[PDB]
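For the sequence shown, the residue numbers in the deposited numbering are 3 to 125, 127 to 261. Working notes, structure below.
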Amino acid sequence: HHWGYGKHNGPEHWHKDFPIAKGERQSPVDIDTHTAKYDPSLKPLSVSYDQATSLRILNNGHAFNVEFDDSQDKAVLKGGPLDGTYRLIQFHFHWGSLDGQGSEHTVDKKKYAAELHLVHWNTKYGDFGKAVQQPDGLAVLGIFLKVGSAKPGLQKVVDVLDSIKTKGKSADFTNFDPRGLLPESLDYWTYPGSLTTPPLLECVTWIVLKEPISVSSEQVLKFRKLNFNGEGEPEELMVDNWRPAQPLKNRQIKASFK
Ligand SMILES: [O][B]1([O])O[C][C]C2=[C][C]=[C][C]=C21
Ligand SMILES: [Zn+2]
């Protein structure tokens with residue numbers, strides 16, 4: 003009886019095994035655009051992905067992770083609200099059964115079709132496992148997906164999904180360039196939060212881009228053909244793998260833009 007997103011093991015259950023589910027800095031949150039304060043002291047964000055080394059794509063039973071070589075400072079996030087250097091370790095998505103839901107963060111209560119998370123760890128803590136035990140251990144760049152025009156830079160991801168349909172399947176995924184998933188503008192909101200999946204550790208600086216990327220109906224339809232289940236098991240489509248908005252509590256969402 004493991005956690006997931008079903009009727010019986012979904013987000014409203016998670017607090018029984020992971021009591022920090024009801025903690026003081028949980029994610030995701032609703033971003034109230036009228037209440038977020040422009041912080042003129044925030045630096046521009048530095049996304050340095052030109053030497054990124056992608057390795058592999060894994061269906062882990064909840065999402066799929068595109069994993070990177072994080073054994074050196076190849077793909078890093080710096081600046082904005084961050085002190086020091088954060089190494090890219092993986093990216094994944096959360097998405098819906100239909101285009102009107104899927105994102106984890108919301109914007110004035112608006113749900114996007116999906117949400118990309120580029121996960122980075124603070125190199127002062129030496130490894131990811133140590134970083135997630137620190138309040139400043141991770142920085143997650145969040146990017147909304149809306150359905151409209153195809154995203155060309157996403158199609159190599161879409162075309163490998165058939166090969167990792169079920170939980171535990173992986174495929175080689177070298178030479179993928181994550182710059183192809185970014186919007187034009189790096190304008191962002193930032194707040195202190197958590198992992199949105201168990202163990203729901205309170206170790207994340209959230210940086211959520213204002214500008215969504217466009218993906219095609221066909222691209223997101225291929226996400227929705229993935230399975231939560233293992234090979235040979237009854238099919239459970241991998242949809243609605245999103246945690247809803249959590250109470251903001253004693254937190255301020257800051258804007259990088261006026
Ligand atoms: O959804 B989640 O918070 O977003 C990126 C950070 C991370 C890392 C491992 C598993 C899940 C997540
Ligand atoms: Zn995520």
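Note that CB positions come from ideal geometry on N, CA and C, so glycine has one too.
Q. Is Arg89 helix, strand or coil by DSSP?
A. strand
Q) In angstroms, rounded to a whole number, what distance separates the CA positions of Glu14 and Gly86? A) 35 Å
Q: Per DSSP, which residues does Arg58 bridge with? Please list them.
A: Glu69, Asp175
Q) Thinking C-alpha only, which one of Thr55, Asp110, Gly129, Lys111 is nearest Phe93? A) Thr55
Q) By how many angstroms is the C-alpha of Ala248 removed from the C-alpha of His36? A) 17 Å
Q. Would the beta-carbon of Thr108 be found less than 7 Å away from any heavy atom of ligand 2?
A. no
Q: Provide the residue span of the alpha helix (DSSP H) that contains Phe147, from first to last.
A: First-last for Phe147: 141 to 150, but that is the beta strand (DSSP E), not the alpha helix (DSSP H).
Q: Alpha carbon to alpha carbon, how far is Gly235 from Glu205? Give it in angstroms, no decimals.
A: 36 Å
Q: Can you give me the Cβ contacts of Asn232 inside the same chain, cut-off strictly under 7 Å, excluding the 5 residues immediately before and after it?
A: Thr169, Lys170, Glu238, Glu239
**Q.** Closest by C-alpha distance to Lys127, when choosing among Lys9, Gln136, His119, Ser29
**A.** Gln136
Q.
For a test of your reading of the model: does the CB of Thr199 fall under 7 Å from any non-hydrogen atom of ligand 2? Yes or no.
A. yes
Q | 8 Å Cβ shell around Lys76 - same chain, five flanking residues per side excluded | A | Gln53, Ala54, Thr55, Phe70, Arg89, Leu90
Q: Taking 8 Å as the cut-off, decide whether the C-beta atoms of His107 and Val160 are in contact.
A: no
Q: Pick helix, strand or coil for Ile22, following the three-state DSSP scheme.
A: helix
**Q.** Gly81 beta carbon less than 8 Å from that of residue 265
**A.** With the chain covering 3 to 261 only, the question about residue 265 has no answer from this structure.
Q) From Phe147 to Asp19, what distance separates their C-alpha atoms? A) 29 Å
Q) Does at least one heavy atom of ligand 1 sit under 7 Å from the Cβ of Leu185? A) no
(Q) Does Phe179 pass the burial test, meaning 16 or more other C-beta atoms within 10 Å, or should it be called exposed? (A) buried
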